[PDB]
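Let me begin by presenting the structure, written as structure tokens, before commenting on it.
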Amino acid sequence: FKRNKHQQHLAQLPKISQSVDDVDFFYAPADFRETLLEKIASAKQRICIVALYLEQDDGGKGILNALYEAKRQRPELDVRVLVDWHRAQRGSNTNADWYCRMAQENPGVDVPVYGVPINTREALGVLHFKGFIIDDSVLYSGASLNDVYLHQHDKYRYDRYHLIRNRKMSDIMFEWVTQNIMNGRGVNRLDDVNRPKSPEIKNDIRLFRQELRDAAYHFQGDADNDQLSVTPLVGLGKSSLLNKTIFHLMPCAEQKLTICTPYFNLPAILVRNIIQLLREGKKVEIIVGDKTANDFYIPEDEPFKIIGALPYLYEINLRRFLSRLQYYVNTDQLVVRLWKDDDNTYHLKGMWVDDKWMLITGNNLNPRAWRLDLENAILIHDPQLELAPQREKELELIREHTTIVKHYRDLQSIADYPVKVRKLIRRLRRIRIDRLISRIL
Amino acid sequence: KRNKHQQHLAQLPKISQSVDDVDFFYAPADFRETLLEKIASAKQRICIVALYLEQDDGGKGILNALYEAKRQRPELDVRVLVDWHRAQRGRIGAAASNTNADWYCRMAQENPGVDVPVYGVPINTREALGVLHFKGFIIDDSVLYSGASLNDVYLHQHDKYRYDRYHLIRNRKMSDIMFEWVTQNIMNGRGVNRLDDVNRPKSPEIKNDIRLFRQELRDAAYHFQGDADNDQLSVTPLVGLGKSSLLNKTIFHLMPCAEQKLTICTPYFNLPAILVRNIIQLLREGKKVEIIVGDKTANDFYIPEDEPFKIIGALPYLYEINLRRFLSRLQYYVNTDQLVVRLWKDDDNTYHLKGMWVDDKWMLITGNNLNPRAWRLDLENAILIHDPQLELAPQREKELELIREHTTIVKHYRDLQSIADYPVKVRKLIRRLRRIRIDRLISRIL
Amino acid sequence: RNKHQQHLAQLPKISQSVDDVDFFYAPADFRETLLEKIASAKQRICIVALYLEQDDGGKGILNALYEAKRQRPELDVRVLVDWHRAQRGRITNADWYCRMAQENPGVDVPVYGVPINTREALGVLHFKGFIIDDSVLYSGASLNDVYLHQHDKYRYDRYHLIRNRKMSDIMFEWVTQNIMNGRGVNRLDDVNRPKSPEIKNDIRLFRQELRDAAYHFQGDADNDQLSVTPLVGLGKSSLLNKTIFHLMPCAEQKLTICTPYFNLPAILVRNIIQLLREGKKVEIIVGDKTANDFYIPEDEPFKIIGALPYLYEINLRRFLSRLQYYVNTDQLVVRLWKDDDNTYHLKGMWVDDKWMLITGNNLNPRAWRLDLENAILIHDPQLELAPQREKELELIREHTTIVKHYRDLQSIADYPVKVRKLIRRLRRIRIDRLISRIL
């Protein structure tokens, strides 16, 4: 009788109904900045800002000042900021130190900044939960809050920006954050000068992480599969509902799958899916950054550092992949795009399934995100093509700064790389550490 | 003044039990009929846990009786739980075909409206590393407890049988504890998946779910308050996974409490060293030990010497080698009439007896094969009957009478064939295995 | 469920094996069984009776007790009887208990007197039970010639042996704590035993302690299996009395009652009438006046006490009179037991085929307020005792006439002259009503 197990998974997802008028796309980091400030000013009930980090720079200051200002003008407003515990406490003078100063320089005005530790050490888990919850809306982006993400000062970091007004969804997400994160073990205020040091809360974090391993949104679906819907998703570790949905989503492409990821480093299981689609005669588009649009890339004139080898390693991944699937490139089934715009940086994430599904997420679609980090998403089901104008405009602009790679040879090989890079990579591959690196970054 | 072993048993929580509410059955056919009878007359719930439920006449009989009872009483809570991996393959070496899970799907389609869910329990990511050896048919306020799975031979459909043990125990509290434990830990556990769903996942897709599930199971135990002292008839349900389970500890402590005699049934003689050490201590203390195992020919992997030999048909021989090695070392105790080893054999019927008798006072009924596999890898359970007043004596004795009826006593280890006496292909295979020391590995995984 | 079934459903119940319940059908068998169990006892013998008489029958039992204690000095032997009854003739035993103790030095068989009230007429020890190891041999019988059918004349009672560790423990332990170690219990084998007035205040405090002494134990058995529930009570609101009250309305088919002296309290009569109205059946088995132990043949010199059998007959006739309609519809059946000059002492209650109350309770106002009473309640929902239940009722009925009409019972006019005059005198001043509340 029934459909294949992949469509079944998606058909039976709980779905919240959504008005087309209540979904607003933004196409540029500057618009995103201004929208965030506007919504902070006009907020009436609550502001919940979850980000990887909020930087002690002009961009980040702008946001924190706007938060203090909104709380001053409406002291009944429920303002919370949640960032990664470990990231906020490292580069000299840290963000956490700055959050402390801010709280002292603004007495009476209550703007709590909580640090979420997803694991005992940064390398083993970070807060990749995304969402600015403002009243009945969620402004959802992969962006953290700093100069480049907000396009202060002339250089930018490209992300995606969607405002979704939806009482039920925002409640579900606000409430989930309240119970599981804010009131979770081992969450600790970063605006407290006496905040513990990581070792002191090590055991709290272990128990916290286990609590998170099966924390999921719980809500009843109110929408069928014939109408515009949104489905919030959250996950930590291999068997999360998010990861399962990402896995099942890809095979439902009857025509074409599109993927954005900053660092091309797909887990094997998602690669196998890609290859199956290509074999079934479908289309697959993959939009990644050029090595030079990576934020770790160091110009060849400057002093080379160890970390500036990452963009090269991601290129090697892309070139190996393309190499194996050049046949499908030639049939115009597989399309790989390299984004590049002077020395601006690329941070696009997401998944398009035909014209019907749009995953917006913080998920970099790499092994790290699949096991270690706390990830979330919104899954937009648009079976009636109501978002078609905006979907198409967004893809138009994403592609605008892209080259299509028509041949794996168009990508530089290790031989073409600078000498220090070349030596480093050969050393790494000798002892097989390249494989480990790709599982932790 | 009590030794640590008796202390362990004295302090076990125990549920009280009426002698009138314990019914033994002595033959696989009676067990079949009793199961069908209880399915018909069930009023509230039927929970069938088995290793497998086979797509054969015997298994069909049972599944049809389940559908029929649910049709006549739609409020009845019917569940079937079998091993995830076992349900999705043929028997070993036989021509891969339609699996049980495929059949469970057909059944559900051919009986719309009638809700008889069949769940697959994966105890580990691969069959060889954990199977569902939990046992129990929970029907209302009773548990019909056997080692038997549901197929032709276990149920003595069609003239050939597989000998197991069969006890019906009516006890509200115990059945509740077992029904509730299954509900929470298994049925609602991670990585349990319906086998009557045509779209059921494949093992690799749920691999991580199964890993987390197994860890949850590693310390899942019955929790209940004992209502009975050590002067009255009691039952104590036990469940375990892995070396330090409460079951395993109870089995370990149980054996030394034999003031007179310990009796053991196991299908495959392959005792872990720790249980062997206990046996030897009993023999040294001057006590008696009876061990009832199958002859090699009563093993279900045994292949008649006329037929084409296959690799798997070496297992009965390996179990015999284990028995012969054991007896060899303890021949002194055989001679003093302390150690008694029995070989069961009845034409080409097969032997699947499990359990432990401690004097006339304790009776462990279990699915536990008492081998290293059961000790570490599989999800095992039991009921421990404490009968300090000898109220079950008629039935206990009748059961042992009939078990022994098809047995030879082995008076000398030499009465067992040596490798030299075995068929040529067998002999060559075994010598090859022992050369590279794989015999030791085999005995820890089967 | 209605409140009556609910009461019974929620009673704590001890499980019981059908193999461990043995009925006996005749007083002689009961004697022999008692002696057998005394011989073979290994741990304890606790004999509670109204009295143990200084006659051949009673001697037999006391000698068997001394003998068993001689052969096993570690055996815990106790005898408990009524304090007041043991220290008088019929209308003393204690003196005899003293002699026995002196004639058997070294052998420790203590005889305790239990006073349930300061005067006999206001409370007697109607607790019943011979507790022997893990069994209770339960009868209404005291220990004397007729109860034990020594010497050719007998007193009909009921006899059940129930092997059950838990129940016997509960009963043995309850006796230990509440009676044996109770205030105002005193040894009757002591020549220097106090006189009632000296312990009067002890008895008052004792009685108050007894007013809410009840068995405390956890039920181990559901309502789908054979069970036993020990019950004990003193006074109107005891658990026993409540259970007797609730038991009767649970009869879906038929209620059977034995009582030696027909003198039901009004509340139990009202229940009976409700059953009859609901269309159910009620069987009542009592003694003929001549099977009463106070009955004096009409040739012999009449004495005041020999009026009691007549008063019980008047009660029966008044009851039947009011319910003759139900006699006619074959719902109400009244049986008179009579076997030459043997006497009748049957007590109990059958509810359908499912419940059997065995008790010392005469089901009269005295037993309801004044005396220390107990019982065992057998629940047999699976009809496992059906052979024995039916055999017992068969033999009980064997010496019975069915009363088909209240007029078949003699009226006061038909009674001997001295009786007739006495009764008319009593009813003139309304003392008949008082008598029925104290005997």
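Neighbour counts run over all protein chains shown; Cβ positions are idealised from the backbone, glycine included. We did not get these values from a lab; they are worked out from the coordinates using the rules stated.
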**Asked** Dividing the alpha-carbon radius of gyration of chain C by 2.2 N^0.38 Å (N being the number of residues), what value is obtained?
**Response** 0.96
**Message:** If I take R0 = 22 Å and measure r between the Cβ atoms of residue B:89 and residue B:198 in this structure, what FRET efficiency does the formula 1/(1 + (r/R0)^6) give, to the nearest 0.05?
**Reply:** 0.80
**Asked** If you line up the Cα atoms of the stretch B:239-332 on their principal axes, what length do they span on each, largest first, in Å?
**Response** 47, 36, 17
**Fill in**
Stretched fully, the stretch from residue A:384 through residue A:223 gains (0.36 nm per residue minus C-alpha distance, one decimal, in nm) 56.6 nm
**Request:** First check a/c for the stretch A:168-214, with a ≥ b ≥ c the square roots of the eigenvalues of its C-alpha gyration tensor; if it is under 1.5, answer rounded, and if not, answer prolate when a/b is larger than b/c or oblate otherwise.
**Result:** oblate
**Asked** Which links in C:3/C:236; C:280/C:354; B:4/B:411; C:236/C:421; B:310/B:345 stretch past 24 Å when you go from one Cα to the other?
**Response** B:4/B:411; C:236/C:421
**Space enclosed by the convex hull of the alpha-carbon atoms of the stretch A:37-76, per residue, Å³** = 67
**Value at 222 nm in deg cm²/dmol, rounded to 500, when DSSP H runs of n ≥ 4 in chain B each add -39,500 (n - 2.57)** = -10000 deg cm²/dmol
**Request:** Rounded to whole Å and sorted largest first, list the principal axis extents of the Cα atoms in the stretch B:37-162.
**Result:** 40, 35, 30
**Cβ-derived FRET efficiency at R0 51 Å, residue B:37 paired with residue B:280, nearest 0.05** = 0.70
**Request:** Give me the Debye-computed log₁₀ of I(q)/I(0) at q = 0.16, 0.20, 0.21, 0.26 Å⁻¹ for the stretch B:137-178, equal point scatterers on Cα only, no solvent, two decimals.
**Result:** -0.48, -0.64, -0.67, -0.82
**Fill in**
Rounded to the nearest 5, the percent of antiparallel DSSP beta bridges in the stretch C:283-439 equals 65
**Asked** Between B:266, B:125, B:336, which gets the highest mean-square fluctuation from a Gaussian network model of chain B, Cα cutoff 10 Å?
**Response** B:336
**Prompt:** If you average 1/r over all unlike Cα pairs in the stretch B:292-331 and invert the result, what Kirkwood radius do you get in angstrom?
**Reply:** 10.9
**Asked** How about the stretch A:1-79: which chymotrypsin sites (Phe, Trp or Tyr not before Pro) there lie in a loop by DSSP and see at most 12 other Cβ atoms within 10 Å?
**Response** A:1
**Asked** Using the Karplus equation 6.51 cos²θ - 1.76 cosθ + 1.60 (θ = phi - 60°), what ³J(HN,Hα) coupling, rounded to whole Hz, does each residue of the stretch B:343-359 give in order, writing x for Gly and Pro?
**Response** 10, 8, 5, 8, 6, 9, 6, 10, 10, 9, 7, 10, x, 8, 10, 10, 6
**Message:** I'd like the antiparallel share, as a percent to the nearest 5, of DSSP beta bridges with both residues in the protein assembly as shown.
**Reply:** 65
**Fill in**
GNM of chain B, Cα pairs under 10 angstrom: of B:322, B:111, B:270, the biggest fluctuation goes to B:111
**Request:** Treat each spin label as a single point 7 Å out from the Cα along the C-beta direction, and report the residue C:212 to residue C:404 distance in nm.
**Result:** 5.4
**Complete:** Between the modelled labels at residue A:254 and residue B:425 (7 Å from Cα along Cα→Cβ) the distance in nm is 5.5
**Complete:** HN-Hα couplings for the stretch A:103-112 via Karplus (6.51, -1.76, 1.60; θ = phi - 60°), in whole Hz with x for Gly/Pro, come out as 5, 6, 7, 9, x, x, 9, 9, 10, x
**Phi-based couplings in Hz for the stretch A:191-207 (Karplus 6.51, -1.76, 1.60; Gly and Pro marked x)** = 8, 8, 5, 9, 3, x, 9, 3, x, 6, 10, 3, 6, 4, 5, 5, 5
**Label-point separation in nm, residue C:153 to residue B:129, each point 7 Å along Cα→Cβ** = 9.1
**Prompt:** What is the sum of charges around residue B:287, taking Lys and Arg as +1, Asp and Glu as -1, for the other residues whose C-beta is under 9 Å from the C-beta of residue B:287?
**Reply:** +1
**Convex hull volume per residue in cubic angstrom - Cα atoms of the protein assembly as shown** = 274
**Request:** Provide the percentage of antiparallel DSSP beta bridges, counting only those with both residues in the stretch B:256-376; round to the nearest 5.
**Result:** 35
**Item:** Bins of 10 Å from zero: percent of alpha-carbon pairs in the stretch C:1-98
**Value:** 12, 32, 29, 17, 9, 1
